[PDB]
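Read the structure below first, then the notes.
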Amino acid sequence: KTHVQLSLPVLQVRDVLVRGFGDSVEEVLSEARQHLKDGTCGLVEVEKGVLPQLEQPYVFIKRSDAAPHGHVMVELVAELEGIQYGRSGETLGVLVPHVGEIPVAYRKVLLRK
C-alpha cells in the first residue's frame, strides 16, 4: 500500500531516551521509515524549547492534504542546519525512536510510504 494507517505515541521531550534517528538526512529518513513500519516510532509535538533538546538531523511529519478514518495524511521532511529535504504542509511533530516511554496521547496519521 502507498499509505499505512498508524497511531503514533506522543512523548514528552524530557522523557525521550533516544533523541534522534542518526547522523545524516538520508539515515534519519531511512531509520524513521523503518521505525514507523515496525511500530517503534514516537512523536514529539514541537513548541518553544523542544527542538534544541533533540538531535539533528530532525525528521518531521507534515500534513500532506486537508483525513480518512480520523487519520491525517502526512509525509516525512528532514532538517539539518536549517535546510529541509522535502516540501509539505504544517508540522504535526518531530519523530523519535520509541523505546517504551509512556505517551501522553496518540496521533492517528496516514503515512505516505
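Residue numbering restarts at 1 for every chain of the C-alpha cells, chains are lettered A, B, ... in their displayed order, and ligands are numbered from 1 as they appear.
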
Original post:
Excluding same-chain residues fewer than 2 positions from residue 81 (chain A), what lies within 12 Å of it counting only C-alpha atoms, as a PyMOL selection string?
Top reply: chain A and resi 24-25+52+55-58+78-79+83-85

Residues from last step as file, N, CA, C and O atoms, as a PDB file, in the first residue's frame:
ATOM      1  N   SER A  24      22.836  11.573   9.433  1.00  0.00           N
ATOM      2  CA  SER A  24      22.719  12.150   8.070  1.00  0.00           C
ATOM      3  C   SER A  24      21.236  12.272   7.731  1.00  0.00           C
ATOM      4  O   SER A  24      20.417  11.557   8.339  1.00  0.00           O
ATOM      5  N   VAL A  25      20.890  13.182   6.826  1.00  0.00           N
ATOM      6  CA  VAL A  25      19.480  13.354   6.379  1.00  0.00           C
ATOM      7  C   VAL A  25      19.001  12.000   5.857  1.00  0.00           C
ATOM      8  O   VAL A  25      17.870  11.590   6.146  1.00  0.00           O
ATOM      9  N   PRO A  52      15.746  22.215  20.363  1.00  0.00           N
ATOM     10  CA  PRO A  52      17.121  22.245  20.845  1.00  0.00           C
ATOM     11  C   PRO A  52      17.409  21.087  21.826  1.00  0.00           C
ATOM     12  O   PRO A  52      18.553  20.817  22.039  1.00  0.00           O
ATOM     13  N   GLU A  55      18.137  15.799  18.756  1.00  0.00           N
ATOM     14  CA  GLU A  55      19.380  15.680  17.967  1.00  0.00           C
ATOM     15  C   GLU A  55      19.047  15.918  16.495  1.00  0.00           C
ATOM     16  O   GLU A  55      18.104  15.319  15.996  1.00  0.00           O
ATOM     17  N   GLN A  56      19.829  16.746  15.825  1.00  0.00           N
ATOM     18  CA  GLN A  56      19.745  16.876  14.344  1.00  0.00           C
ATOM     19  C   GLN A  56      20.527  15.750  13.691  1.00  0.00           C
ATOM     20  O   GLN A  56      21.437  15.214  14.296  1.00  0.00           O
ATOM     21  N   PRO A  57      20.236  15.361  12.429  1.00  0.00           N
ATOM     22  CA  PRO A  57      19.090  15.875  11.673  1.00  0.00           C
ATOM     23  C   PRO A  57      17.745  15.485  12.307  1.00  0.00           C
ATOM     24  O   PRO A  57      17.678  14.393  12.872  1.00  0.00           O
ATOM     25  N   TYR A  58      16.749  16.362  12.215  1.00  0.00           N
ATOM     26  CA  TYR A  58      15.346  16.116  12.635  1.00  0.00           C
ATOM     27  C   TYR A  58      14.558  15.466  11.507  1.00  0.00           C
ATOM     28  O   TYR A  58      14.803  15.758  10.272  1.00  0.00           O
ATOM     29  N   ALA A  78      12.986  15.958   6.411  1.00  0.00           N
ATOM     30  CA  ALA A  78      14.162  16.031   7.310  1.00  0.00           C
ATOM     31  C   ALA A  78      14.696  17.459   7.325  1.00  0.00           C
ATOM     32  O   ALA A  78      14.428  18.235   6.350  1.00  0.00           O
ATOM     33  N   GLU A  79      15.435  17.799   8.381  1.00  0.00           N
ATOM     34  CA  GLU A  79      16.044  19.141   8.538  1.00  0.00           C
ATOM     35  C   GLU A  79      17.415  19.027   9.201  1.00  0.00           C
ATOM     36  O   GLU A  79      17.548  18.289  10.230  1.00  0.00           O
ATOM     37  N   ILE A  83      18.251  23.596   6.778  1.00  0.00           N
ATOM     38  CA  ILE A  83      17.826  23.168   5.411  1.00  0.00           C
ATOM     39  C   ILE A  83      16.949  21.919   5.512  1.00  0.00           C
ATOM     40  O   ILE A  83      17.360  20.938   6.167  1.00  0.00           O
ATOM     41  N   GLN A  84      15.803  21.957   4.833  1.00  0.00           N
ATOM     42  CA  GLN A  84      14.792  20.873   4.814  1.00  0.00           C
ATOM     43  C   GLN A  84      14.877  20.117   3.497  1.00  0.00           C
ATOM     44  O   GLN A  84      15.155  20.725   2.427  1.00  0.00           O
ATOM     45  N   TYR A  85      14.643  18.824   3.586  1.00  0.00           N
ATOM     46  CA  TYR A  85      14.738  17.872   2.456  1.00  0.00           C
ATOM     47  C   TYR A  85      13.346  17.278   2.327  1.00  0.00           C
ATOM     48  O   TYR A  85      12.899  16.493   3.207  1.00  0.00           O
TER      49      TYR A  85
END

Subject >> Residue contacts of residue 94 (chain A) (12 Å, only C-alpha atoms) excluding same-chain residues fewer than 5 positions away, as a ChimeraX atom specification >> reply: /A:8-13,16,19-21,28-29,32,41-47,50-62,75-79,107

Export N, CA, C and O atoms of the chosen residues as a compact mmCIF listing (two decimals), in the first residue's frame?
# COMPACT_ATOMS: atom_id res chain seq x y z
N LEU A 8 0.54 6.98 16.43
CA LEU A 8 1.90 7.30 16.94
C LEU A 8 1.77 7.74 18.38
O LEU A 8 0.96 8.63 18.66
N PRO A 9 2.51 7.11 19.31
CA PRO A 9 2.53 7.56 20.69
C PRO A 9 3.19 8.94 20.79
O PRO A 9 4.27 9.17 20.26
N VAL A 10 2.51 9.87 21.43
CA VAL A 10 3.01 11.25 21.62
C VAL A 10 3.82 11.26 22.93
O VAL A 10 3.28 10.93 23.99
N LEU A 11 5.09 11.63 22.85
CA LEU A 11 6.02 11.55 24.02
C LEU A 11 6.34 12.97 24.47
O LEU A 11 6.41 13.87 23.64
N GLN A 12 6.53 13.17 25.77
CA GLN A 12 7.08 14.43 26.32
C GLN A 12 8.57 14.46 25.99
O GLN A 12 9.23 13.43 26.19
N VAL A 13 9.09 15.59 25.50
CA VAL A 13 10.51 15.72 25.07
C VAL A 13 11.46 15.28 26.20
O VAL A 13 12.45 14.55 25.91
N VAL A 16 12.13 11.43 26.44
CA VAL A 16 12.70 10.70 25.29
C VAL A 16 14.13 10.26 25.59
O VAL A 16 14.99 11.11 25.91
N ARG A 19 17.19 10.50 21.11
CA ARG A 19 16.69 11.85 20.76
C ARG A 19 16.84 12.10 19.26
O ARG A 19 16.54 13.20 18.85
N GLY A 20 17.15 11.07 18.49
CA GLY A 20 17.13 11.16 17.02
C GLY A 20 17.36 9.83 16.39
O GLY A 20 17.61 8.86 17.11
N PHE A 21 17.37 9.80 15.06
CA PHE A 21 17.43 8.56 14.27
C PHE A 21 18.83 8.33 13.68
O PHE A 21 19.07 7.27 13.13
N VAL A 28 18.39 9.40 8.76
CA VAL A 28 17.28 9.67 9.71
C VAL A 28 15.97 9.38 8.99
O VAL A 28 15.06 8.84 9.63
N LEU A 29 15.85 9.73 7.70
CA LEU A 29 14.63 9.42 6.93
C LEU A 29 14.49 7.91 6.80
O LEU A 29 13.35 7.42 6.91
N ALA A 32 13.63 6.51 10.34
CA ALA A 32 12.26 6.93 10.70
C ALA A 32 11.27 6.00 10.01
O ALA A 32 10.39 5.41 10.68
N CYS A 41 8.11 3.95 16.63
CA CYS A 41 8.30 5.39 16.33
C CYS A 41 7.37 6.22 17.22
O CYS A 41 6.14 5.93 17.24
N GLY A 42 7.93 7.21 17.91
CA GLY A 42 7.17 8.15 18.73
C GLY A 42 7.14 9.51 18.07
O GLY A 42 7.89 9.72 17.11
N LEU A 43 6.28 10.38 18.56
CA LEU A 43 6.07 11.74 18.02
C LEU A 43 6.22 12.70 19.18
O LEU A 43 5.54 12.51 20.18
N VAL A 44 7.00 13.76 18.97
CA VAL A 44 7.10 14.87 19.94
C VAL A 44 6.50 16.13 19.32
O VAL A 44 6.91 16.50 18.24
N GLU A 45 5.53 16.73 20.01
CA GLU A 45 4.86 17.95 19.49
C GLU A 45 5.83 19.10 19.67
O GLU A 45 6.48 19.19 20.74
N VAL A 46 5.98 19.89 18.62
CA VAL A 46 7.03 20.95 18.56
C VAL A 46 6.45 22.19 19.22
O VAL A 46 5.38 22.66 18.77
N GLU A 47 7.11 22.68 20.26
CA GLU A 47 6.87 24.01 20.87
C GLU A 47 8.23 24.63 21.17
O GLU A 47 9.27 23.96 20.99
N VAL A 50 11.61 22.80 22.41
CA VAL A 50 11.61 21.33 22.15
C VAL A 50 12.79 20.96 21.27
O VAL A 50 13.54 20.03 21.63
N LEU A 51 12.92 21.59 20.09
CA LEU A 51 13.89 21.11 19.08
C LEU A 51 15.32 21.18 19.60
O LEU A 51 16.11 20.29 19.32
N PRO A 52 15.75 22.22 20.36
CA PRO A 52 17.12 22.24 20.85
C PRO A 52 17.41 21.09 21.83
O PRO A 52 18.55 20.82 22.04
N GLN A 53 16.38 20.39 22.34
CA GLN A 53 16.54 19.24 23.26
C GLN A 53 16.65 17.93 22.47
O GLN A 53 16.88 16.89 23.09
N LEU A 54 16.44 17.97 21.15
CA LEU A 54 16.55 16.76 20.31
C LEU A 54 17.78 16.90 19.40
O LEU A 54 18.40 17.99 19.37
N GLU A 55 18.14 15.80 18.76
CA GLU A 55 19.38 15.68 17.97
C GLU A 55 19.05 15.92 16.50
O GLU A 55 18.10 15.32 16.00
N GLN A 56 19.83 16.75 15.83
CA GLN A 56 19.74 16.88 14.34
C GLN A 56 20.53 15.75 13.69
O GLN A 56 21.44 15.21 14.30
N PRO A 57 20.24 15.36 12.43
CA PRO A 57 19.09 15.87 11.67
C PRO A 57 17.75 15.49 12.31
O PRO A 57 17.68 14.39 12.87
N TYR A 58 16.75 16.36 12.21
CA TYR A 58 15.35 16.12 12.64
C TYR A 58 14.56 15.47 11.51
O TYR A 58 14.80 15.76 10.27
N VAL A 59 13.60 14.64 11.90
CA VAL A 59 12.54 14.15 10.97
C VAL A 59 11.20 14.69 11.44
O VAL A 59 10.80 14.38 12.59
N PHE A 60 10.53 15.44 10.58
CA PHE A 60 9.17 15.96 10.85
C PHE A 60 8.16 15.08 10.13
O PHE A 60 8.47 14.60 9.00
N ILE A 61 6.97 14.94 10.71
CA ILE A 61 5.74 14.62 9.93
C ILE A 61 5.00 15.93 9.68
O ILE A 61 4.81 16.74 10.64
N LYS A 62 4.64 16.13 8.41
CA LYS A 62 3.97 17.34 7.91
C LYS A 62 2.68 16.92 7.19
O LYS A 62 2.66 15.86 6.58
N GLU A 75 3.53 13.30 5.36
CA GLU A 75 4.79 12.80 4.77
C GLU A 75 5.96 13.26 5.64
O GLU A 75 5.78 14.18 6.47
N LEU A 76 7.11 12.65 5.40
CA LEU A 76 8.38 12.93 6.14
C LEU A 76 9.17 14.03 5.44
O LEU A 76 9.30 14.00 4.19
N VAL A 77 9.64 15.00 6.24
CA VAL A 77 10.61 16.05 5.82
C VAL A 77 11.74 16.08 6.84
O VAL A 77 11.43 16.24 8.04
N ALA A 78 12.99 15.96 6.41
CA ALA A 78 14.16 16.03 7.31
C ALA A 78 14.70 17.46 7.32
O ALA A 78 14.43 18.23 6.35
N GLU A 79 15.44 17.80 8.38
CA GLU A 79 16.04 19.14 8.54
C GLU A 79 17.42 19.03 9.20
O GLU A 79 17.55 18.29 10.23
N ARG A 107 -1.48 10.13 18.09
CA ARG A 107 -1.75 10.90 16.86
C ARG A 107 -1.98 9.89 15.75
O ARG A 107 -1.02 9.22 15.37

**OP:** Looking only at helix (DSSP H, G or I) from DSSP on the backbone, list the matching residues of region 15-85 of chain A as a ChimeraX atom specification.
**Re:** /A:15,25-38,51-53,68-70

Subject >> Distance of CA of residue 48 (chain A) from CA of residue 72 (chain A), expressed in Å to one decimal place >> reply: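 Here the two named atoms are 23.5 Å from each other.
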
**OP:** Would you mind telling me which residue in A:100, A:68, A:49, A:22 lies nearest to residue 4 (chain A) when using only C-alpha atoms?
**Re:** A:68

Subject >> Every residue of chain A that DSSP places in strand (DSSP E or B), as a ChimeraX atom specification >> reply: /A:3-10,41-44,58-63,72-80,83-85,91-97,105-112

Original post:
Nearest to residue 35 (chain A) among A:103, A:70, A:82, A:97, with distances taken over only C-alpha atoms: which residue is it?
Top reply: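 Counting only C-alpha atoms, the residue closest to residue 35 (chain A) is A:97.
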
Subject >> Residue nearest residue 3 (chain A) - candidates A:15, A:91, A:101, A:73, atoms counted: only C-alpha atoms >> reply: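 Once distances to residue 3 (chain A) are computed over only C-alpha atoms, the minimum belongs to A:73.
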
Original post:
Of the candidates A:18, A:109, A:67, A:31, which shows the shortest atom-to-atom distance to residue 93 (chain A), using only C-alpha atoms?
Top reply: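 Of all the options, A:109 lies closest to residue 93 (chain A).
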
Original post:
Using only C-alpha atoms, which residue out of A:1, A:89, A:6, A:113 lies closest to residue 30 (chain A)?
Top reply: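 Selected residue with least distance to residue 30 (chain A): A:113.
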
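Straight-line separation from CA of residue 27 (chain A) to CA of residue 66 (chain A): 28.9 Å.
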
Subject >> Computed interatomic separation between CA of residue 74 (chain A) and CA of residue 14 (chain A) (Å) >> reply: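 Rounded to one decimal, the two atoms are 24.7 Å apart.
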
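Candidate residues A:99, A:92, A:36, A:80 were compared for distance to residue 23 (chain A), and the nearest is A:80, using only C-alpha atoms.
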